[PDB]
Novice: 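The structure follows.
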Amino acid sequence: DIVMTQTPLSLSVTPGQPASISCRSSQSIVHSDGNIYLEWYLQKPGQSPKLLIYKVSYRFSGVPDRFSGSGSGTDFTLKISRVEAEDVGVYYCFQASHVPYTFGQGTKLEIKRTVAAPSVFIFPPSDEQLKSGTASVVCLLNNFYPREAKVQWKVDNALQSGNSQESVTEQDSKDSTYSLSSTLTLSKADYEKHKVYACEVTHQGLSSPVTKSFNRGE
Amino acid sequence: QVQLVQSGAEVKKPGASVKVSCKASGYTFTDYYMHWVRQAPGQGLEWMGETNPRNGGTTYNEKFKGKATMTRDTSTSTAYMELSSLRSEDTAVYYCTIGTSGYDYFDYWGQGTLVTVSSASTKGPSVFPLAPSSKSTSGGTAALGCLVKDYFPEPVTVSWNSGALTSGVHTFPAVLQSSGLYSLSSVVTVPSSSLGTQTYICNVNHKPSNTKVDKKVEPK
């Protein structure tokens, strides 16, 4: 089969700056009709891929003028003249010149932006969950940059370990930020034994850690 | 408007079979070949094969012969992809896609169907509100959400107000608990001034367990 090798595997670009992604084929990709069916797709998390470029250099309808493609023989290049926030995602090259059709491994494009401190919110367990014998406390870190952020859970000021899970979003297509959700899960009995539930956040945008807390019952 | 609407997420035990559908509209179904693409962790995007909608003729990627069976029903404009002798490695998102130019540069894609192959028990989630309060406000804005707890396998989808509320929504990637159950949260930032006049409902779907919940999130 024809192997499509993409370079680089990932890149981080400030908006307004150029980006260049290379796609190398293991064999030539000239179809019987003389055309090279080399495509470039963009895929965002949880979405289907979207066509950007077809037949090496043709810009698909609705695709910004900022995107262009070139190439011959075994080396193909996608160029973004000036990167924008909406360009975030994974870029794939694809050949449809010879069966079986094959894709590149993908190139992740990340966007650089200014430091943004998170907005921190805390949610006590719902009455509905408490009725089921469990208590989940949620700490939300909204729209921050860079992605690196540290959450620490404290119960009556005692640092917790092994009772929480967190996940970070993909980078936002509009503002280039990230958000993070952390859940502290206790049994209802353990939850009722303590008063103060706190989420302590460390981030580059903060000069000292931010503590968001509540008193159980209040 | 060309549309490719795929069937919902499925969960199957090893050794079983699954038949994913792709309903086409907005174009003459017999005009274009229907292609199937797999997106599996590690393996990336792979073209599985194509179906000629007129005669049901098929060309498979050799890697998928004996695994995939592609068919079509012209009377309902529906293409099908059947996976046999399911194994863990078959866990992937399956896409149907077409090239409306009549050439194989794919311009329209289905939303994808996640097929999970597991012997673990299917579990529907509990949906709990994350009520807006003085602990979830920030300079005139209020954050609120839904906690979608303890489900298996993926995926859970969340919309707000039947898709009418999209601005300021963050639906987080699911976390895998030690128990082997997933959990996820979906949040939205809204004006704190209108908490008394606007209604916020999270629409949670977990197709493998037939879970379909519309949870109204009440202010505290």
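Lettering of chains follows the sequences in order, A, B, ..., and the numbering in each one begins at 1. When reading the values below, keep in mind they use all heavy atoms of this one structure, side chains included, and skip hydrogens, waters and symmetry mates.
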Novice: Are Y41(A) and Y92(A), when compared by the centres of their aromatic rings, separated by less than 6.0 Å?
Specialist: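 No.
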
Novice: Can you name the residues that form a ring pair (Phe, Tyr, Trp, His ring centres under 6.0 Å) with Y182(B), not counting sequence neighbours?
Specialist: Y151(B)

Novice: Take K216(B) and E218(B) through the test salt bridge (charged side-chain N to carboxylate O under 4.0 Å, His left out) and record every step on the way to the result.
Specialist: CA-CA 6 Å; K216(B) 181 185 198 299; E218(B) 303 278 17; 2.7 Å; yes

Novice: Under 3.5 Å, is there a donor on one side chain and an acceptor on the other for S185(B) and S181(A)?
Specialist: yes

Novice: Taking 4.0 angstrom as the limit, do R66(A) and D87(A) come out as a salt bridge?
Specialist: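 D87(A) and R66(A): salt-bridged.
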
Novice: Ignoring hydrogens and geometry, is there a side-chain-to-backbone donor-acceptor pair from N161(B) to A164(B) under 3.5 Å?
Specialist: no

Novice: Treating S136(B) as the side-chain partner and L144(B) as the backbone partner, does any N or O pair qualify as donor plus acceptor under 3.5 Å?
Specialist: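 Side chain of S136(B) to backbone of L144(B), a donor-acceptor pair under 3.5 Å: no, none is there.
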
Novice: Could I get the full list of salt bridge (charged side-chain N to carboxylate O under 4.0 Å, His left out) partners for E110(A), not counting sequence neighbours?
Specialist: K108(A), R147(A)

Novice: Between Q43(A) and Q39(B), is any side-chain donor less than 3.5 angstrom from a side-chain acceptor?
Specialist: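 Distance-only check passes for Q43(A) and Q39(B).
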
Novice: Can a salt bridge be assigned to the pair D90(B) and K67(B) using a cut-off of 4.0 Å between side-chain N and carboxylate O?
Specialist: yes

Novice: Return the minimal non-hydrogen interatomic distance between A198(A) and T211(A), and the atom names on each side.
Specialist: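 For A198(A) and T211(A), the tightest heavy-atom pair comes out as CB-CG2, 3.8 Å.
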
Novice: Which word best sums up how the rings of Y33(B) and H35(B) line up, parallel for under 30°, tilted for 30 to 60°, or perpendicular for over 60°?
Specialist: tilted

Novice: Which pairs, with at least one residue in residues 116-128 of chain A and sequence neighbours excluded, count as a side-chain hydrogen bond (donor to acceptor under 3.5 Å, both in side chains)?
Specialist: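 For residues 116-128 of chain A, and leaving out neighbouring residues, the side-chain hydrogen bond (donor to acceptor under 3.5 Å, both in side chains) pairs sorted by first residue read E128(A)-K215(B).
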
Novice: Measure the acute angle between the ring planes of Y178(A) and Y145(A), then classify it against the limits of 30° and 60° as parallel, tilted or perpendicular.
Specialist: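 Parallel, since the angle between the ring planes stays under 30°.
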
Novice: Kindly check if the number of other-residue, nucleotide or ligand heavy atoms within 6.0 Å of NZ (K207(B)) is above 12?
Specialist: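 No, the 6.0 Å shell around NZ holds no more than 12 heavy atoms from other groups.
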
Novice: Listed by chain and number, what are the ring pair (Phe, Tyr, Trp, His ring centres under 6.0 Å) partners of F60(A), not counting sequence neighbours?
Specialist: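 Once residues adjacent in sequence are excluded, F60(A) has no partner under the ring pair (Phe, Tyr, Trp, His ring centres under 6.0 Å) criterion.
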
Novice: Can you tell whether the side chains of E192(A) and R216(A) come within less than 4.0 Å, N to carboxylate O?
Specialist: yes

Novice: Are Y37(A) and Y101(A) close enough that their ring centres sit under 6.0 Å apart?
Specialist: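 That pair fails the under 6.0 Å test.
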
Novice: So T134(A) and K188(A), side chain to side chain contact (heavy atoms under 4.5 Å, CB included) or not? Walk me through it.
Specialist: CA-CA 5 Å; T134(A) 300; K188(A) 185 195 162 74; over 6 Å; no

Novice: What pairs meet the ring pair (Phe, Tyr, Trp, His ring centres under 6.0 Å) rule with one or both residues in residues 60-98 of chain B, with sequence neighbours excluded?
Specialist: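 Qualifying pairs: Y95(B)-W109(B).
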
Novice: Of all residues at least two apart in sequence or in a different chain, which pass the ring pair (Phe, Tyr, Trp, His ring centres under 6.0 Å) check with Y54(A)?
Specialist: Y58(A), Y105(B)

